[PDB]
Each structure stands twice: as structure tokens, then as C-alpha cells.
Amino acid sequence: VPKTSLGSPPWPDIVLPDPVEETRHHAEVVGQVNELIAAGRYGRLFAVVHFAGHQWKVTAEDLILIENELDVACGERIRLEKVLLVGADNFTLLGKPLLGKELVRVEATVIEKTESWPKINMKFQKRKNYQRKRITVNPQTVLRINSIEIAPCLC
Amino acid sequence: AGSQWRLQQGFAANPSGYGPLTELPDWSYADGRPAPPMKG
Amino acid sequence: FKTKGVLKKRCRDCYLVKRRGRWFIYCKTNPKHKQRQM
Amino acid sequence: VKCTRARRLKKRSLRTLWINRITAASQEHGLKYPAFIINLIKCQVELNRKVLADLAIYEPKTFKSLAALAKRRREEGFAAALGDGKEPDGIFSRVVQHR
Amino acid sequence: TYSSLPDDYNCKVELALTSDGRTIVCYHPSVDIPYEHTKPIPXXXXXXXXXXXXXXXXXXXXXXXXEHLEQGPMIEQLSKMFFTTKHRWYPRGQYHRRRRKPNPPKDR
Amino acid sequence: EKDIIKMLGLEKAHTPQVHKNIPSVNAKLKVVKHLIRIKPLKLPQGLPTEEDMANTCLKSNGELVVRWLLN
Amino acid sequence: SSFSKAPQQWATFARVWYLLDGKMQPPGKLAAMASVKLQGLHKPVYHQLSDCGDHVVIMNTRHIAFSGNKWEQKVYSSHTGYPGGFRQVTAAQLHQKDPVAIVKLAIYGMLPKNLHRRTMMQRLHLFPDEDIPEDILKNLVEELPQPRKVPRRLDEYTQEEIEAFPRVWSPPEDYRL
Amino acid sequence: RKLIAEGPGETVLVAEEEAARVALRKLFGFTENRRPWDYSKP
Amino acid sequence: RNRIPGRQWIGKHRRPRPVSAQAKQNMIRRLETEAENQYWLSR
Amino acid sequence: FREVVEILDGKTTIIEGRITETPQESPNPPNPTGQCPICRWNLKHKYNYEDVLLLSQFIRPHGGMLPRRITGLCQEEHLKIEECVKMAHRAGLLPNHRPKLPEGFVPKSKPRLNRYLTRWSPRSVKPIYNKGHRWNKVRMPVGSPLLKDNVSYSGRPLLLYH
Ligand SMILES: [Mg+2]
Ligand SMILES: [Mg+2]
Ligand SMILES: [Mg+2]
Ligand SMILES: [Mg+2]
Ligand SMILES: [Zn+2]
Ligand SMILES: [Zn+2]
């Protein structure tokens, strides 16, 4: 097998380190990070949060509008639970496909229960004489994310 | 996409079906009071 | 010359030659055997 | 009427916009779209395309890490299929279950 | 000592996986730009507008520039400046100006 | 064909439904076999007792699980 | 990360000047990426109603490579609008007359068909050889990878690699070459 | 030869200006990345 | 300037449209599923 | 490689054969059992028109093909090599092997158009004025179908028509 434009697969060859070296390297990296967390040196967290059928990018102090009614008294403080991603400037924590509750916590507040503005759904036919007009209103709920809190523990 | 691989591992075709994703009750009261259950 | 769908050597001195993306029959002995594939 | 048919279209439009964004940042790391997305899935990371695209605009760091992840997993897959044996599980090739 | 992508740019990037296995982690410190890869700041300021005889005459000589062209030619140069076609640069009609939102919304 | 499918309760697509593996039914399934996907049920933990009724889930491999999501 | 507002936004939507070398490249594979970069589809911030598109300078335009015989059978047509004013031209001829044309048509025909094509056609600069106004030289940000790997002629190979490649067949001595 | 901060601009002048803005911000601790404010009841 | 006589897909003369490699795939895929089906319907 | 030499001396003419050294096949073939020079070197379905180092091994100093019976290639690989040679030539590779003609370097024509994967001769091809719509297309041929058996790392079969 000499070097012909075919005989050599046209793409860079692959090397992945031995799993033991990587196990060490990993425990190392995780530890270092866990020390950044123990320290509290992360400035501001964001987290990608699954909620109410959607995914959102959440940071503290902010606002999202949920399309369905949630039963909570206005003003209640609420622990969002499903968290896919977490992040901070230096480093980032990723759920498969979720994070342990103990690993992170996000507390948001329900701000406003409301009704959506009128939407207009109109079906129509050509010269079959069929119009149907409907006006729809959707119950909506606005939450303010209060705090993203990250606890030290990771292994 | 990605239905195939998901299937071969034995998950749902869709990430919405029956995964822990959908199953868990996504919020609680901060007090710890377990939230009213979900319609889905 | 002639233009044809089908060539055939009409004699011994007839021969078969590909020029300008076509087939030709060229013949020295007779000109009349000249044929051109269409 | 046009308003309503549009209401249904709007979601397609958004998804395409998204996908192209994702594609763009993926390219910036020398990685095509489909490879990125699937090999991101195979790591048991369910992320929306919405939130993906916003991780590409407002979180270049986090994102570059994501593409590295998927890249890692992909090559680990090339070696997984080329190796032709059951023993190796790439460190990221493993399939976790819920608890 | 392995990352899939060069640490040339953005972040040096560390993927890792929890010994549990239910969590991926990432350590990404910003990679700052090397003093070698930099070139000095351009410094250009030169004043010849000063005439040796009278310097109020000379300091009134930098306020002495202004000019007038026609619509067509001006538009040509304008569009050769910002690399647009000749079309963007024509007025809009009365009706069209009327309806520009008087108080447009602002985020942030 | 339509009405085979109607009397199979296969009305709504991509939805699993269960049926006897007896031949009486295989008549019907044989009629529509190109419209459908059949796969054998499997019961690894075995059959549900009454206590396990609210906890039973169905995985796409064609398997039934009795205890779903302990604590 | 922390910038004031005006500068921050100016940074995000900043135009870029890209350079692309054409020597020995298919006008098609060139225009593909040329068009990408023109529409602004390499920028994750991209949106259609947003003005983003980046300048592109292609150089060594005369040195286009055309796969197949395409030089011979690809014809470019156009019409004056006058009766019998219709014009069919072999690609070879056209490029003979005006080096720039071939590539320009590829890129043009490759953009979406709305108005902004006309406008992004402005940010496209095309040079037969490498002769560039030091104006346009000055603002060049970055070089793009050549979209095809050009085959070397026989004469490029080092004798090291010539020897390195094994002799496949042993010729008979008697035979003359 | 360490990079303290950096900035974007329409001219070299305004650039220096803004990189300076940045530098100042990281110095004083007013930065987007900074911990968002506490609200708690001790 | 090459035209189709009458209606596109209808008469004794039709727009020619060719089979796709895609199409070959889809068909095989269905055939696969149905081979499996008529297996599980056997016993 | 036997050079034929001719001498004109004083109304007498000498014509004689003289043998040069034929380089030898490299020591160790991968498929020694293999038959055709290509096939024992594991080169089948690998070499493309883009391999000179392989190709220049069968041809003549003035660029033409070798006789097969001399090279002894499986008829198939002979035809393949033939096409690839013509292609590489048209591709303006092996500039060395153009026949040497002292007068003809002078008469400039427009700098030769750089082309590759060219199956036909540039003089024969007629320009296709008529394109044709999506359902009847005139496909501009690329590469040679003789090469359709080269291995595809992509899995995408090579595209012979556009
Ligand atoms: Mg819907
Ligand atoms: Mg129904
Ligand atoms: Mg008709
Ligand atoms: Mg018809
Ligand atoms: Zn004859
Ligand atoms: Zn052979």
C-alpha cells in the first residue's frame, strides 16, 4: 500500500487517551471546579430550564411568560426543578439529561396571572360560502426568576 | 431528529414520551410543599 | 459522403475511424464507400 | 385568514432561523450541523434548538464546549465502529439510566 | 493533554465526566490575546493648516471646508461609500413617512 | 381495510394497542399487515399485580415494566 | 463581556472583509462559500431583515478551473430585447473576453432572488489576477481555505517522494521507449 | 504584557476609550458577570 | 421550449419523473417492517 | 529501454541498437500471489487520474500509452489507466511528456484553460445550446465511468453527470 490519493482515507486520524488517564484527569477537573464552587468564585449563573413544556435560558432577576395557567397564589416562591443546563463564565454543568436536585436549585416567583390579548383564528373557503371566525383568549402567567443557587457537591 | 439511536438504547422515539423529562413534577413550593399534580 | 445510423464496411479497403466524437468509414479504393455515423 | 395560516407558519420560520444559527456557530468550530446535533443527542443531552441558538449567540464559551463535546463523541464513535469489538465504551459513549 | 478543538481561540476547553456519570462538566477559562499577536496603535495627526504669517487666519482655515453637489452624483458617491445601490438613498413618499411608528418600543 | 383498522381500535396512529395472538385476530391483522407494525409484548418483571397498576409503563422495545420510578 | 451599549452592538454587527484565492478552483465550489459569506449565513446572529452581509474579495479570477469539458458545453445566453438580438456564448469564449464574468454569474445565480442580491452584489469584489488597490488590501481581515485541493503536476514532487513510490512493473530491457 | 481588558470601536480613539471603560469596570467590580444582588431575610 | 403535451401527469404522454435513491430507500424500509410483520403473524 | 541510434558519416549510414538500464520492480509486493501489476500492489480501485507517480510508470517519453502486452495489465485496468492518462494529460499534468518541438513554444495562444476530470477531447465537444427543463436534461459528463468502481470514503457514489 503506497501513498495514493485513495489508499489514504482523506481525514485526520484519531487518538483518544487511555480511559484510566482520562478517569484521573476527569476526577481532577471536577474537583478543581468543585473548589471553584466551594469558593463561590462564580459571578453570575444562567441555567437552561425545562418548564411547562418548553425550554428557557434563565438568569437571575428575569422574567418569563408562560402560556398556561398555573395554580399558585400570586407572589408564591417556587422551586423550579427540571434543569437541563447550568452555566457560569468560567465553567459549565450539564445534565444527562438532568441535574441532581442537590446539585442545583432555582427559585422563581409568580408575578402576574393574566389573560392574553385577543387572537383571531379565521377559516375560509373559496366560493363554498364558508367563513368561520373565532376569537381566542389564552390564560397566561408571568414568573420572575429570583435566584439561581448552586451547591458545592459534585464528584 | 435522532429517533433511531434513541430507540436502540430503549428510550422513547420522542424525548417527550415517557422519559424522566416529562414524568417528574417540574415545580415545588419553596417551603417544600409538593406541588398540585399535573393534568398531562 | 453520407450520414447513416448504421455503418458497414462495403469492401476490404474500408476502415473504421473515430473522429470529432463520431464514427467514420473511410475508403481509399472507392470514395463512394464513405459513410458517417449520425 | 392570512393571519391564521401565518400563525402556523411562524413556528416553521423560527425553527429554520434557529437551525441556520446553530449551523453557523457549528461551522465556526469546523463542524457541520447534523453531525453536531446527533452526536450531541447521543450524549443524552436534550436541548431545544431555540436554546441551542441562544447558547450560540449569547454564550460562545459554553457553546464551544458543547461542540467540543459532540466532536469528542463523534470521533469516539468513528473509533467505536472501526474498532469492531465490544469491550471499549468511550467515556462519553456510555448510556446512563435514570435514578 | 487532549481537547478536540484547538485552544488557539476563545476558551481553553475542558470536558469532563462525573465519576457518578450522571453529569458532564466543563472548565473554560478565557484565552486572552498574546502580546506577540498585536501590532502598535496607528498614530496619525499632522497640521499644515497653519500659515506662518497669521495663525487666526490659519485656525479659520480648518473651518473653511464645505461643498455642494447635485442629488444624482451625491447619491452615487454616497452609495459607493457604504456599498449600497442607488435605491436606498431616495426619499420616501408622504404616505410612507406618515406611518412610521411615532414611539417605537425599547428593550433593555 | 379501513374497517379492519376501525375494529382493531387502531384508529389513532403511532399508538400502541394490545391483542390476542390467537388466529381469529390474525385474520384481520393479515388483511392490514402493510398498514401496521406488530411486535411481541414482553413481561420481564412478569404480570402486574393490583398494587402495581399505577406504576406500569410501556417501553418502545415492546416491553412492559411493573415498577416505575421508585422514590 | 462587559462593554458599553453602542460599542457592543457595533461589534456584533461589524462587517468583515474576507479574501478568497481562486487560482485553480471550480467557479461553482467558490461561489458556494462566497454566497454563504455574502448573505451573512456564517454569522450566528444572522437574520434576513438584518443587513448583515460581509464583503468578499476573490482574487486570481482568470485562473478558474472548469471540471469536465464544461468549458465547451456550458453556454451563457442573453437577450438585447431586439428581434434577432439573442446571444448564445460558449463559456470558453465568454471568459476569454471578460475573466470576471464566469464567477460573477455563478455567485449571482447563487443568491436568493429578492432585492438584496443586488445590494450584496455590491460587496463582492472580483480580481482577474492579484492586483488590488491597497485600499482593499488594507482592510482584509482573514483568508479562506481553498475549497479544492489542487493536484500537482509530475514536476512538483520531490525526488524523495518519486523514489519513495515503488516501481510496480519491471519492463523488459530489449523493449525501446 | 498581560492583557487587562479590551475594547471595540469606530475609531482607534473611541476604542482606547472603551477598553479603558472595561478595565475600570473589572477593577471596581462592576461587571455583568458580577454576582447579582442579594435578596434574603436574615 | 421542450414542452409537455396536455396535462402534466395524466394522459398517454407524461412528464417522465424518475425514481429517487431516496425512494428506493423508503420502499425497502417499508418492506423490512412488513417482512417482520408477516413473521410475527406466523405462529 | 533500448535507444536506437543513427549516424550520417561521409555518404555512409550507421543504424544500431544500444541498451540502457531498465529499473527494476521494487522488492516486496503486498500480494505476491497476485496477478496483474496493479493487483499485487493492492492498487485496484484506488488510483485515480490524480496519481501521477503511479501513472507515469506506464507511458512513453513523448506521452502516449504503452502496449498492454508489454505492461501485462488486466484488460480492465489497462483501459482504466488509459482513460486516466488522457485525463491527466488534458488536465495539464505531466507537462514533461509533451513532445519537444523548438518552433512551437513560440506561437502563443491564450493561456491554456485549466480543466480536470475531462473525459472527451476539447475539439470534439459541441456546445449544448439547449439545456432542457428539469424532466429532460442534457447532462455534462464528468470523469470516466470506467472509474465508477473506485472506493468512496463518503459512501456517496461519484457524480458522473452535471
Ligand atoms: Mg399546532
Ligand atoms: Mg381518529
Ligand atoms: Mg398543458
Ligand atoms: Mg397528457
Ligand atoms: Zn470500401
Ligand atoms: Zn488485475
# chains A, B, ... in the order shown; residues from 1 in each chain; ligands from 1
call {"tool": "residues_near_ligand", "arguments": {"ligand": "ligand 5", "cutoff": "9 Å", "atoms": "only C-alpha atoms and all ligand atoms", "output": "CSV table (one decimal) with N, CA and C atoms, in the first residue's frame"}}
result
chain,number,residue,atom,x,y,z
C,9,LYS,N,-18.6,-1.8,-43.4
C,9,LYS,CA,-17.5,-1.9,-44.4
C,9,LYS,C,-18.1,-2.5,-45.7
C,10,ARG,N,-18.0,-1.7,-46.8
C,10,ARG,CA,-18.6,-2.2,-48.0
C,10,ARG,C,-17.6,-2.9,-48.9
C,11,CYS,N,-16.4,-3.0,-48.3
C,11,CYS,CA,-15.3,-3.7,-49.0
C,11,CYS,C,-14.1,-4.0,-48.1
C,12,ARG,N,-13.0,-4.5,-48.7
C,12,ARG,CA,-11.9,-4.8,-47.9
C,12,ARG,C,-11.1,-3.6,-47.4
C,13,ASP,N,-11.0,-2.6,-48.3
C,13,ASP,CA,-10.2,-1.4,-48.1
C,13,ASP,C,-11.0,-0.4,-47.2
C,14,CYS,N,-12.2,-0.7,-46.9
C,14,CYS,CA,-13.0,0.1,-45.9
C,14,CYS,C,-12.4,0.0,-44.5
C,15,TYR,N,-12.3,1.2,-43.8
C,15,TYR,CA,-11.9,1.1,-42.4
C,15,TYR,C,-12.6,2.1,-41.5
C,25,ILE,N,-16.5,5.9,-41.8
C,25,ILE,CA,-16.0,4.9,-42.6
C,25,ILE,C,-15.2,5.5,-43.7
C,26,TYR,N,-13.9,5.3,-43.8
C,26,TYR,CA,-13.1,5.9,-44.9
C,26,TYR,C,-12.6,4.8,-45.8
C,27,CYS,N,-12.6,5.1,-47.1
C,27,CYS,CA,-12.2,4.2,-48.1
C,27,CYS,C,-11.4,4.8,-49.2
C,28,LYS,N,-10.2,4.3,-49.4
C,28,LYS,CA,-9.3,4.9,-50.4
C,28,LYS,C,-9.7,4.4,-51.8
C,29,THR,N,-9.9,3.1,-51.9
C,29,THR,CA,-10.2,2.5,-53.2
C,29,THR,C,-11.4,3.1,-53.8
C,30,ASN,N,-12.5,3.2,-53.1
C,30,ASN,CA,-13.7,3.9,-53.5
C,30,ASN,C,-14.0,5.0,-52.6
C,31,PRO,N,-14.3,6.2,-53.1
C,31,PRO,CA,-14.8,7.3,-52.3
C,31,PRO,C,-16.2,7.0,-52.0
C,32,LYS,N,-16.9,6.3,-52.9
C,32,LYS,CA,-18.3,6.1,-52.8
C,32,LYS,C,-18.7,5.3,-51.5
C,33,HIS,N,-17.7,4.6,-50.9
C,33,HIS,CA,-18.0,3.8,-49.7
C,33,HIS,C,-18.0,4.7,-48.5
C,34,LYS,N,-17.7,6.0,-48.6
C,34,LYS,CA,-17.6,6.9,-47.4
C,34,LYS,C,-18.9,7.1,-46.7
call {"tool": "interface_residues", "arguments": {"of": "chain J", "to": "chain I", "cutoff": "10 Å", "atoms": "only C-alpha atoms", "output": "NGL selection string"}}
result
:J and (130-136)
call {"tool": "residues_around", "arguments": {"residues": "residue 31 (chain A)", "least_positions_apart": "3", "cutoff": "8 Å", "atoms": "only C-alpha atoms", "output": "NGL selection string"}}
result
:A and (27-28 or 34-35 or 154-155)
call {"tool": "write_last_selection", "arguments": {"atoms": "C-alpha atoms", "output": "mmCIF file, in the first residue's frame"}}
result
data_model
loop_
_atom_site.group_PDB
_atom_site.id
_atom_site.type_symbol
_atom_site.label_atom_id
_atom_site.label_comp_id
_atom_site.auth_asym_id
_atom_site.auth_seq_id
_atom_site.Cartn_x
_atom_site.Cartn_y
_atom_site.Cartn_z
ATOM 1 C CA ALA A 27 -11.727 13.443 38.751
ATOM 2 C CA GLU A 28 -9.128 16.196 38.741
ATOM 3 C CA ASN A 34 -15.996 21.846 42.839
ATOM 4 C CA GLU A 35 -13.394 24.007 44.553
ATOM 5 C CA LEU A 154 -20.118 17.185 42.868
ATOM 6 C CA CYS A 155 -17.892 14.118 42.462
#
call {"tool": "residues_around", "arguments": {"residues": "residue 100 (chain A)", "least_positions_apart": "2", "cutoff": "9 Å", "atoms": "only C-alpha atoms", "output": "number ranges by chain"}}
result
A: 83, 95, 98, 102-104; E: 22-23
call {"tool": "interface_residues", "arguments": {"of": "chain G", "to": "chain A", "cutoff": "12 Å", "atoms": "only C-alpha atoms", "output": "PyMOL selection string"}}
result
chain G and resi 1-2+149-152+161-168
call {"tool": "residues_near_ligand", "arguments": {"ligand": "ligand 3", "cutoff": "10 Å", "atoms": "only C-alpha atoms and all ligand atoms", "output": "ChimeraX atom specification"}}
result
/I:3-9
call {"tool": "atom_distance", "arguments": {"atom1": "CA of residue 18 (chain D)", "atom2": "CA of residue 39 (chain G)"}}
result
15.8 Å
call {"tool": "decode", "arguments": {"residues": "region 35-80 of chain G", "atoms": "N, CA and C atoms", "output": "PDB file, in the first residue's frame"}}
result
ATOM      1  N   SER G  35     -21.141  32.993  -1.595  1.00  0.00           N
ATOM      2  CA  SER G  35     -22.524  33.332  -1.318  1.00  0.00           C
ATOM      3  C   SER G  35     -22.890  33.175   0.147  1.00  0.00           C
ATOM      4  N   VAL G  36     -22.428  32.095   0.766  1.00  0.00           N
ATOM      5  CA  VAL G  36     -22.649  31.945   2.203  1.00  0.00           C
ATOM      6  C   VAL G  36     -22.241  33.214   2.924  1.00  0.00           C
ATOM      7  N   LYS G  37     -20.982  33.587   2.710  1.00  0.00           N
ATOM      8  CA  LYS G  37     -20.356  34.699   3.404  1.00  0.00           C
ATOM      9  C   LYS G  37     -21.017  36.018   3.049  1.00  0.00           C
ATOM     10  N   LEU G  38     -21.566  36.097   1.848  1.00  0.00           N
ATOM     11  CA  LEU G  38     -22.238  37.308   1.407  1.00  0.00           C
ATOM     12  C   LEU G  38     -23.587  37.503   2.092  1.00  0.00           C
ATOM     13  N   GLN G  39     -24.353  36.426   2.229  1.00  0.00           N
ATOM     14  CA  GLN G  39     -25.693  36.532   2.798  1.00  0.00           C
ATOM     15  C   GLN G  39     -25.615  36.767   4.281  1.00  0.00           C
ATOM     16  N   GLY G  40     -24.458  36.433   4.850  1.00  0.00           N
ATOM     17  CA  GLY G  40     -24.210  36.587   6.273  1.00  0.00           C
ATOM     18  C   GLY G  40     -24.535  35.333   7.064  1.00  0.00           C
ATOM     19  N   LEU G  41     -24.564  34.195   6.379  1.00  0.00           N
ATOM     20  CA  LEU G  41     -25.006  32.957   6.997  1.00  0.00           C
ATOM     21  C   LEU G  41     -23.935  32.272   7.821  1.00  0.00           C
ATOM     22  N   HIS G  42     -22.758  32.872   7.883  1.00  0.00           N
ATOM     23  CA  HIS G  42     -21.719  32.369   8.754  1.00  0.00           C
ATOM     24  C   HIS G  42     -21.819  33.017  10.125  1.00  0.00           C
ATOM     25  N   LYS G  43     -22.638  34.049  10.224  1.00  0.00           N
ATOM     26  CA  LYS G  43     -22.784  34.772  11.474  1.00  0.00           C
ATOM     27  C   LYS G  43     -24.000  34.264  12.245  1.00  0.00           C
ATOM     28  N   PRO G  44     -23.792  33.685  13.437  1.00  0.00           N
ATOM     29  CA  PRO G  44     -24.899  33.103  14.207  1.00  0.00           C
ATOM     30  C   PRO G  44     -25.979  34.100  14.577  1.00  0.00           C
ATOM     31  N   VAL G  45     -25.675  35.385  14.483  1.00  0.00           N
ATOM     32  CA  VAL G  45     -26.643  36.419  14.821  1.00  0.00           C
ATOM     33  C   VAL G  45     -27.606  36.660  13.673  1.00  0.00           C
ATOM     34  N   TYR G  46     -27.371  35.930  12.590  1.00  0.00           N
ATOM     35  CA  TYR G  46     -27.973  36.210  11.302  1.00  0.00           C
ATOM     36  C   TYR G  46     -29.456  36.296  11.342  1.00  0.00           C
ATOM     37  N   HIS G  47     -29.957  37.231  10.561  1.00  0.00           N
ATOM     38  CA  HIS G  47     -31.361  37.306  10.299  1.00  0.00           C
ATOM     39  C   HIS G  47     -31.538  37.991   8.975  1.00  0.00           C
ATOM     40  N   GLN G  48     -32.636  37.675   8.306  1.00  0.00           N
ATOM     41  CA  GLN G  48     -32.864  38.112   6.940  1.00  0.00           C
ATOM     42  C   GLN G  48     -33.092  39.618   6.823  1.00  0.00           C
ATOM     43  N   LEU G  49     -33.926  40.149   7.712  1.00  0.00           N
ATOM     44  CA  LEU G  49     -34.270  41.567   7.717  1.00  0.00           C
ATOM     45  C   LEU G  49     -33.168  42.396   8.339  1.00  0.00           C
ATOM     46  N   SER G  50     -32.153  41.717   8.842  1.00  0.00           N
ATOM     47  CA  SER G  50     -30.982  42.401   9.335  1.00  0.00           C
ATOM     48  C   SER G  50     -29.949  42.478   8.222  1.00  0.00           C
ATOM     49  N   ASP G  51     -29.237  43.597   8.172  1.00  0.00           N
ATOM     50  CA  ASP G  51     -28.485  43.992   6.983  1.00  0.00           C
ATOM     51  C   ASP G  51     -27.232  43.154   6.767  1.00  0.00           C
ATOM     52  N   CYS G  52     -26.921  42.317   7.753  1.00  0.00           N
ATOM     53  CA  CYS G  52     -25.631  41.651   7.803  1.00  0.00           C
ATOM     54  C   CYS G  52     -25.326  40.934   6.497  1.00  0.00           C
ATOM     55  N   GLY G  53     -24.195  41.284   5.921  1.00  0.00           N
ATOM     56  CA  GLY G  53     -23.624  40.518   4.844  1.00  0.00           C
ATOM     57  C   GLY G  53     -22.205  40.993   4.890  1.00  0.00           C
ATOM     58  N   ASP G  54     -21.267  40.150   4.490  1.00  0.00           N
ATOM     59  CA  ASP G  54     -19.869  40.508   4.646  1.00  0.00           C
ATOM     60  C   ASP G  54     -19.254  40.695   3.281  1.00  0.00           C
ATOM     61  N   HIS G  55     -18.289  41.594   3.190  1.00  0.00           N
ATOM     62  CA  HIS G  55     -17.617  41.806   1.930  1.00  0.00           C
ATOM     63  C   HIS G  55     -16.854  40.565   1.564  1.00  0.00           C
ATOM     64  N   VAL G  56     -16.684  40.365   0.273  1.00  0.00           N
ATOM     65  CA  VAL G  56     -15.898  39.259  -0.192  1.00  0.00           C
ATOM     66  C   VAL G  56     -15.080  39.712  -1.362  1.00  0.00           C
ATOM     67  N   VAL G  57     -13.784  39.432  -1.290  1.00  0.00           N
ATOM     68  CA  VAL G  57     -12.873  39.699  -2.391  1.00  0.00           C
ATOM     69  C   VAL G  57     -12.328  38.393  -2.922  1.00  0.00           C
ATOM     70  N   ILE G  58     -12.594  38.117  -4.185  1.00  0.00           N
ATOM     71  CA  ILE G  58     -11.986  36.966  -4.802  1.00  0.00           C
ATOM     72  C   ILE G  58     -10.872  37.465  -5.683  1.00  0.00           C
ATOM     73  N   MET G  59      -9.743  36.774  -5.654  1.00  0.00           N
ATOM     74  CA  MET G  59      -8.616  37.168  -6.484  1.00  0.00           C
ATOM     75  C   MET G  59      -8.217  36.008  -7.405  1.00  0.00           C
ATOM     76  N   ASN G  60      -7.430  36.312  -8.439  1.00  0.00           N
ATOM     77  CA  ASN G  60      -6.983  35.318  -9.408  1.00  0.00           C
ATOM     78  C   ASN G  60      -8.172  34.709 -10.111  1.00  0.00           C
ATOM     79  N   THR G  61      -9.060  35.574 -10.572  1.00  0.00           N
ATOM     80  CA  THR G  61     -10.289  35.137 -11.194  1.00  0.00           C
ATOM     81  C   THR G  61     -10.050  34.468 -12.546  1.00  0.00           C
ATOM     82  N   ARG G  62      -9.070  34.940 -13.310  1.00  0.00           N
ATOM     83  CA  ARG G  62      -8.822  34.378 -14.639  1.00  0.00           C
ATOM     84  C   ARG G  62      -8.419  32.898 -14.574  1.00  0.00           C
ATOM     85  N   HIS G  63      -7.983  32.469 -13.402  1.00  0.00           N
ATOM     86  CA  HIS G  63      -7.372  31.157 -13.216  1.00  0.00           C
ATOM     87  C   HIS G  63      -8.333  30.067 -12.742  1.00  0.00           C
ATOM     88  N   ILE G  64      -9.629  30.332 -12.902  1.00  0.00           N
ATOM     89  CA  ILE G  64     -10.684  29.338 -12.693  1.00  0.00           C
ATOM     90  C   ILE G  64     -10.449  27.991 -13.367  1.00  0.00           C
ATOM     91  N   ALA G  65     -10.751  26.920 -12.643  1.00  0.00           N
ATOM     92  CA  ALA G  65     -10.791  25.594 -13.227  1.00  0.00           C
ATOM     93  C   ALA G  65     -12.234  25.143 -13.485  1.00  0.00           C
ATOM     94  N   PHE G  66     -12.474  24.532 -14.648  1.00  0.00           N
ATOM     95  CA  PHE G  66     -13.798  24.013 -15.028  1.00  0.00           C
ATOM     96  C   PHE G  66     -13.794  22.502 -15.212  1.00  0.00           C
ATOM     97  N   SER G  67     -14.465  21.774 -14.327  1.00  0.00           N
ATOM     98  CA  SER G  67     -14.453  20.317 -14.405  1.00  0.00           C
ATOM     99  C   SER G  67     -15.173  19.850 -15.663  1.00  0.00           C
ATOM    100  N   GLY G  68     -14.904  18.614 -16.074  1.00  0.00           N
ATOM    101  CA  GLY G  68     -15.445  18.081 -17.310  1.00  0.00           C
ATOM    102  C   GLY G  68     -14.954  18.857 -18.510  1.00  0.00           C
ATOM    103  N   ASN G  69     -15.726  18.810 -19.575  1.00  0.00           N
ATOM    104  CA  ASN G  69     -15.449  19.625 -20.738  1.00  0.00           C
ATOM    105  C   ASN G  69     -16.163  20.953 -20.649  1.00  0.00           C
ATOM    106  N   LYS G  70     -16.718  21.230 -19.470  1.00  0.00           N
ATOM    107  CA  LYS G  70     -17.708  22.286 -19.273  1.00  0.00           C
ATOM    108  C   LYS G  70     -17.332  23.564 -19.987  1.00  0.00           C
ATOM    109  N   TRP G  71     -16.032  23.795 -20.112  1.00  0.00           N
ATOM    110  CA  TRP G  71     -15.522  24.875 -20.928  1.00  0.00           C
ATOM    111  C   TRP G  71     -16.189  24.890 -22.265  1.00  0.00           C
ATOM    112  N   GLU G  72     -16.438  23.702 -22.798  1.00  0.00           N
ATOM    113  CA  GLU G  72     -17.063  23.592 -24.106  1.00  0.00           C
ATOM    114  C   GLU G  72     -18.585  23.620 -24.162  1.00  0.00           C
ATOM    115  N   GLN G  73     -19.264  22.907 -23.275  1.00  0.00           N
ATOM    116  CA  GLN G  73     -20.711  22.874 -23.438  1.00  0.00           C
ATOM    117  C   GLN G  73     -21.555  23.818 -22.567  1.00  0.00           C
ATOM    118  N   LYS G  74     -20.976  24.518 -21.599  1.00  0.00           N
ATOM    119  CA  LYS G  74     -21.841  25.393 -20.827  1.00  0.00           C
ATOM    120  C   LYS G  74     -21.956  26.717 -21.546  1.00  0.00           C
ATOM    121  N   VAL G  75     -23.172  27.056 -21.925  1.00  0.00           N
ATOM    122  CA  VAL G  75     -23.373  28.273 -22.664  1.00  0.00           C
ATOM    123  C   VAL G  75     -24.085  29.295 -21.832  1.00  0.00           C
ATOM    124  N   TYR G  76     -23.684  30.533 -22.027  1.00  0.00           N
ATOM    125  CA  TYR G  76     -24.320  31.641 -21.378  1.00  0.00           C
ATOM    126  C   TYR G  76     -25.127  32.401 -22.397  1.00  0.00           C
ATOM    127  N   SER G  77     -26.399  32.596 -22.100  1.00  0.00           N
ATOM    128  CA  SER G  77     -27.289  33.248 -23.030  1.00  0.00           C
ATOM    129  C   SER G  77     -27.672  34.608 -22.491  1.00  0.00           C
ATOM    130  N   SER G  78     -27.967  35.544 -23.387  1.00  0.00           N
ATOM    131  CA  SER G  78     -28.693  36.756 -23.005  1.00  0.00           C
ATOM    132  C   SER G  78     -29.352  37.445 -24.188  1.00  0.00           C
ATOM    133  N   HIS G  79     -30.297  38.322 -23.901  1.00  0.00           N
ATOM    134  CA  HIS G  79     -31.042  38.933 -24.975  1.00  0.00           C
ATOM    135  C   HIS G  79     -31.044  40.440 -24.913  1.00  0.00           C
ATOM    136  N   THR G  80     -30.735  41.077 -26.029  1.00  0.00           N
ATOM    137  CA  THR G  80     -30.818  42.519 -26.095  1.00  0.00           C
ATOM    138  C   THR G  80     -32.227  42.971 -25.849  1.00  0.00           C
TER     139      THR G  80
END
